[PDB]
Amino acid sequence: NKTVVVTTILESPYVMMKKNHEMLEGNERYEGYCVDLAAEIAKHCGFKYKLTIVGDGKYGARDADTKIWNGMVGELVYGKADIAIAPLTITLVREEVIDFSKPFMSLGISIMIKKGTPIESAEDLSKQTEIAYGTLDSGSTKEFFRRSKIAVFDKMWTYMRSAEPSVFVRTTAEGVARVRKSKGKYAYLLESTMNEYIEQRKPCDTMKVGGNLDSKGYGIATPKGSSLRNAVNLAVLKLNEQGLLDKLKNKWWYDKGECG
């Protein structure tokens, strides 16, 4: 019937530009876990689609004053895209305005350090001042810290919100670059999936420390009232049960390992 507009985000190893992308067109420009997942979901649900990178480069949050959503969430809410296929965290505030499939991947918030940084846990970060730490802007990790009542995480947020210079970053790449360049004086709070990927990539100078802070999932999101909602949900379950999601995780994490 109609070509489905898929909103997604450039985030390794979910969606990446191929090495030779400038000689390619349309969906062929991109590779990654979510590029493969989009192809599979489309096949099972019987639609044609166009991958479009989210304009503002954000996941999505609601401005507290204007109540306007940005990011991939806003693209669905305001009718700019038909579906989001991305590492988009299922959250309460989002589920109030968009629908999510059952989760296709598990994750938790985690800590990234430069190798040798004397930090082993969230408690460790909160007890010192020499090592700065932050999160991604406009995402679910930031919101976790803003909202937490757990003593350690409340203390961390109190520090983060007013720290100078700013500890928050615009992209994961910016957070990772900051860790790598700061000689051990910056630690980054990010999802375990992204942390684990980066740990197995050159220059192999980062690591995940401590347990995950929470347990949650990424889901495929559709605007409320979407005719795709049921089919997409069942397709996610079908792909998990046929072992394809596990295969894709091995393809884009384990097989892409550069650190041994």
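Don't overthink the numbering: it's just position in the shown sequence, from 1. Rigid core here is just the name for the largest C-alpha set that superposes within 1.5 Å across the two forms.
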In 5 other deposited structures of this protein, superposed on the rigid core, which stretch sits farther off in Cα RMS terms, 160 to 168 or 93 to 101?
160 to 168
Higher-deviation stretch (C-alpha RMS, rigid core fit) in 5 other deposited structures of this protein, choosing from 4 to 12 and 250 to 258
250 to 258
When the Cα temperature factors in the entry are averaged, is it 167 to 175 or 153 to 161 that ends up higher?
153 to 161
Look over 55 to 63 and 38 to 46 in the entry and identify the one with the greater average Cα temperature factor.
38 to 46
Could you tell me which one of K102, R94, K185, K142 shows the highest CA temperature factor in the PDB record?
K185
Candidate residues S138, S106, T135, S121, the one whose C-alpha B factor the record puts highest
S121
CA B-factor placement of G116, once the chain's modelled residues are sorted into thirds:
highest
Would you please rank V5 by its C-alpha temperature factor against the other modelled residues of its chain and give the third it falls in: lowest, middle or highest?
middle
Could you look up the Cα B-factor of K216 in the entry and say which third of the chain it sits in: lowest, middle or highest?
lowest
Report the third (lowest, middle or highest) to which the CA temperature factor of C204 belongs, ranking only the modelled residues of the same chain.
highest
Ordered by C-alpha B-factor within the chain, which third holds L24? Give me lowest, middle or highest, please.
highest
